[PDB]
Amino acid sequence: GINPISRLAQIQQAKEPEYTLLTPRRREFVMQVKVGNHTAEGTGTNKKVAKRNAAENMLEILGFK
Amino acid sequence: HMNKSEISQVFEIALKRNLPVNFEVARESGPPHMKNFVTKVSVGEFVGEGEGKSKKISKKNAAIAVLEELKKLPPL
Amino acid sequence: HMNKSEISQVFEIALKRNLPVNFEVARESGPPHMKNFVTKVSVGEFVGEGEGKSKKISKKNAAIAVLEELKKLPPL
RNA sequence: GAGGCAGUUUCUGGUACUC
RNA sequence: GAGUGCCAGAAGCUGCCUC
């Protein structure tokens, strides 16, 4: 119910998530998530939606939404 | 002083109720010098859509459309 | 119609002269209540530091420090 | 008072595509 | 001259969290 990227921050406070940035006529951004347990990716038309997709793809790998 | 953006209103109503929120740009139309954007958004089960000459605008109009359909739920 | 911040200025000057820019927070120093932030910035060979009770403040000052040195250069 | 995340309004610089 | 996208930066405002 919170916004996807704060929920990851406020969900890994049981045990601080880490992000990094990766490399057409419709070019794209791709950002990665590093929570230790696993690593997720995410793409979007700008940097902003690429980091919200990257989050909501690791809240899907942890089974929340 | 400054009013709240409809987008921000939506985001906070949805935190108060643990509803999942997802704005997305449906599609783009027209030549680059006359683009038309459309954003569809879901707040749990409710939906709105907006159009505009820019991404900012269409998003706002989408937020508005949902605020009309969120004025019907019960308060706290 | 707002003014240009010293921090914003540095980036414009550096871009015109193709110089790399990096602001970084050196550290937080002092007791938990009187903690003071120090940030230093490197614009090529030029360097400036700045200090403040908040990050944004100290960044501003660091920008002021380099900005004086970048007034010592030829405007060709 | 300080930090973080998000949202947003205004403004600045740069750039790409198009008229 | 104009439109839109994208990157960077600043100021303001809102929400949530931590100290």
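Residues numbered from 1 in each chain as written, not as in the entry; some residues may be left out. Chains lettered and ligands numbered in written order. Heavy atoms only, no water. Residues with missing side-chain atoms left out of burial classes, pairs and counts.

Per the PDB record, this model was obtained through X-ray crystallography at a reported resolution of 2.888 Å.

Labelled according to the PDB entry, chain B appears under the name Double-stranded RNA-binding protein Staufen homolog 1, originating from Homo sapiens. The deposited entry bears the title "Structure of hStau1 dsRBD3-4 in complex with ARF1 RNA".

Chain A is annotated in the PDB entry as Double-stranded RNA-binding protein Staufen homolog 1 from Homo sapiens.

### A look at the overall build of chain A
A tally of helices and strands in chain A yields two helices and four strands. Counting from the amino terminus, chain A carries its helices and strands in the arrangement α-β-β-β-β-α. Seen along its three principal axes, the alpha-carbon backbone of chain A occupies a region of about 40 × 25 × 15 Å. (Helix = DSSP H or I, 4+ residues; strand = E, 2+ residues; numbered from the N terminus.)

### Remarks on the interface of chain B and chain A
Each partner contributes to the interface: chain B provides nine residues, whereas chain A provides five residues. Elements supplying a minimum of two residues to the side of chain B that touches chain A: α1 (6-15) and β1 (21-29) of chain B. When residues in the side of chain B that touches chain A are grouped by element, the largest group, three residues, is from α1 of chain B. Grouping the amino acids of the side of chain B that touches chain A by side-chain chemistry returns six nonpolar, two polar and one charged. (Contact = heavy atoms within 4.5 Å. Nonpolar A, V, L, I, M, F, W, Y, C, P; charged D, E, K, R; others polar.)

### Observations concerning the packing of aromatic side chains
Residues and elements named next belong to chain B. Centroid distance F11 to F23: 5.8 Å. Interplanar angle 25 degrees. Geometry classified as stacked. Note that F11 is positioned in helix α1 and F23 in strand β1, a separation of 12 residues in sequence. The residue whose ring lies beneath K59 is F23, and the NZ or CZ to ring-centre distance is 5.2 Å. (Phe/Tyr/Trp six-rings, centres within 6.5 Å; stacked < 30°, edge-to-face > 60°. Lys NZ or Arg CZ within 6 Å of the ring centre and 35° of its normal.)

### Considerations on the packing of helix α1 (residues 6-16) of chain C against helix α2 (residues 55-69) of chain C
Describing two packed helices takes the angle between their axes plus the distance from one axis to the other. Residue and element names in this part refer to chain C. At a closest axis distance of 8 Å, the pairing of α1 and α2 adopts a crossing angle of 45 degrees. The orientation of α1 relative to α2 falls into the category oblique. As for the relative orientation of α1 and α2, their crossing is left-handed in sense. Touching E6, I7, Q9 and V10 of α1 are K59, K60, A63, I64 and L67, all from α2. (Axes fitted to C-alpha atoms, helices over the stretch in contact; angles between N-to-C directions. Parallel < 35°, antiparallel > 145°, perpendicular 65-115°, else oblique. Left-handed = near helix turned anticlockwise from the far one by under 90°.)

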